[PDB]
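Notes follow the structure.
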Ligand SMILES: [Ca+2]
Ligand SMILES: [Ca+2]
C-alpha cells in the first residue's frame with residue numbers, strides 16, 4: 001500500500017544508515033565508477049541526519065535528551081553543528097564555540113557522527129577578513145578531539161557571490177581551494193584522517209569543479225546544497241550534482257531543505273521525494289535544515305505563532321522523543337525519511 005514502494009523504492013529502508021559503533025572509521029571507496037563513503041570494512045554507508053540552525057540563535061537544541069531522540073527515535077547517524085561567524089556568530093560572540101564543543105561530545109555520547117560546520121554565508125568569500133579565525137578554529141577542535149573518527153569537518157558552508165564574494169566560475173573555485181588547502185594540510189600534518197567536506201561557488205551548487213580541478217586529498221568530499229521549493233530534479237543544481245557524481249566526484253549533501261532557499265515556503269514534499277530517491281539510490285549522504293522552532297517552513301519543530309501555537313521546546317525531557325504533533329510538517333516528513341519508514345502524515349486541523 002505505501003506509495004513509495006512502487007514509485008520511490010529507495011525511500012524505504014535504513015540498513016546502510018550505520019552508526020559509529022558499527023561502522024567505525026569512514027573512508028572513500030571507488031565502486032563502479034563512483035567514489036562513495038564507506039565504513040571501516042569497506043561496505044557502503046549512508047549518513048542521514050539533521051543540522052542545527054545557527055548556534056548563536058538556537059543553541060537550545062544542544063541537550064542530551066534531544067540528541068538521544070534524534071539518534072534513537074529518528075534514527076539519525078549524523079548531526080551537523082552550524083557555527084555562523086558573521087551575523088552575531090563566532091566573530092563577535094566566540095562563546096558559541098563552547099556550544100559546538102558540547103555538541104560534538106553529545107553526538108559522540110549518543111552514537112552519531114558529527115559535522116563541524118564553519119558556516120560561511122554572509123559574506124560569500126571564505127577568505128574574507130571576517131573569517132580569519134577559521135584555521136585556528138579547526139586547529140582547536142582537532143586539538144580537543146585528535147583524529148576522532150566521529151568528526152567530519154566542513155570548512156566553508158556556502159561560498160557565494162555576496163560581497164566580498166566568489167564568482168560562479170573557475171576563478172571562484174580557485175579562491176575556495178586557496179582557502180581550504182592550507183587548513184586541510186594543517187589537519188593532515190597533525191594526524192587527522194577525518195573526512196573533510198568542501199563547498200563551492202553559487203552557494204555550494206558547483207561540485208562539478210572537482211571533476212577537472214579536485215583537491216588532491218583522498219578523504220575530501222564536495223558539498224551540494226538544495227532547497228526543494230527552489231531547486232528541482234533535472235534543474236541546474238541537480239544536474240551539476242549528477243554530473244559530478246557520474247564523473248567520480250565524492251559528493252555529500254551537508255544541507256538541504258523542504259522549503260524555498262530562503263528557509264520558508266511550502267513545504268515541497270513531492271519534490272523532496274524525487275531528490276531523496278535519487279540520493280538514496282546513489283549512496284549520497286544527506287543532512288536536513290534545520291533543528292529550529294523558528295517560524296519558517298524548513299524548521300523541524302512547531303513554532304510560536306501568535307493566535308495559533310506555542311513553540312515546541314528544543315530542550316527535551318527524559319522521554320527522549322517529541323510527539324509528532326510537536327514536529328512541523330517538514331520535521332515529521334524528514335523524520336520518516338531518516339528512519340526509512342513510509343510517509344504517513346498526521347492531520348493538522350486547528
Ligand atoms: Ca543545553
Ligand atoms: Ca543554505
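Since every read-out is calculated from the coordinates, none of them should be taken as a lab result. No Cβ is skipped: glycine too gets one built from the backbone with ideal geometry, and neighbour counts run over all protein chains shown.
Tabulated data for the structure shown
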item	result
Residue list for segment 51-73, filter: touching a helix residue (DSSP H, G or I) at 6+ places or on another chain (Cβ under 6 Å) and buried (at least 22 other Cβ atoms within 10 Å of the Cβ)	52, 55, 62, 67
Residue count for segment 272-319, restricted to those that are away from ligand 2 (no atom under 16 Å from the Cβ), over 30 Å from residue 28 (Cα atoms), touching a helix residue (DSSP H, G or I) at 6+ places or on another chain (Cβ under 9 Å) and in a loop (DSSP other than H, G, I, E, B)	10
The one condition in (1) crowded, with 21+ Cβ neighbours inside 10 Å; (2) within 16 Å of ligand 2 (Cβ to nearest atom); (3) under 21 Å from the mean Cα position of the chain (by Cα) that residue 230 fails to fulfil	(1)
Any hit, segment 315-323, residues being within 23 Å of residue 34 (Cα to Cα) and away from ligand 1 (no atom under 16 Å from the Cβ)	no
Pick from segment 158-210, criterion touching a residue at least 60 places away in the same chain (Cβ under 8 Å) and in a loop (DSSP other than H, G, I, E, B), ranking: farthest from the chain's Cα centre (by Cα)	193
Residue match in segment 140-163 (condition: away from ligand 2 (no atom under 16 Å from the Cβ) and over 28 Å from residue 37 (Cβ atoms))	yes
Selected residue (criterion: farthest from residue 195 (Cα to Cα)) from residues of segment 242-258 that are touching a strand residue (DSSP E or B) at 6+ places or on another chain (Cβ under 6 Å), in contact (Cβ under 8 Å) with a residue 40 or more places away in the chain and within 15 Å of ligand 2 (Cβ to nearest atom)	257
Only one of 335, 348 that is in contact with a helix residue (DSSP H, G or I) (Cβ under 9 Å, 6 or more places away or on another chain), outside any loop (DSSP other than H, G, I, E, B) and touching a residue at least 12 places away in the same chain (Cβ under 8 Å)	335
Lone unmet requirement of (1) surrounded by fewer than 20 Cβ atoms within 10 Å (Cβ to Cβ); (2) under 20 Å from residue 100 (Cβ atoms) for residue 12	(2)
Filter result (in a loop (DSSP other than H, G, I, E, B) and crowded, with 23+ Cβ neighbours inside 10 Å) within segment 125-157	125, 126, 155, 156, 157
Complete set of residues in segment 106-124 that are outside any loop (DSSP other than H, G, I, E, B) and within 16 Å of ligand 2 (Cβ to nearest atom)	115, 117, 118, 119
Unmet criterion (only one of (1) away from ligand 1 (no atom under 16 Å from the Cβ); (2) surrounded by 17 or more Cβ atoms within 10 Å (Cβ to Cβ); (3) more than 16 Å from the chain's Cα centre (by Cα); (4) farther than 18 Å from residue 340 by Cα) for residue 22	(2)
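Matching residues to (1) within 19 Å of residue 281 (Cα to Cα); (2) away from ligand 1 (no atom under 16 Å from the Cβ):
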| site | (1), (2) |
| --- | --- |
| 8 | yes, yes |
| 28 | yes, yes |
| 46 | yes, yes |
| 51 | no, yes |
| 56 | no, no |
| 62 | no, no |
| 72 | no, yes |
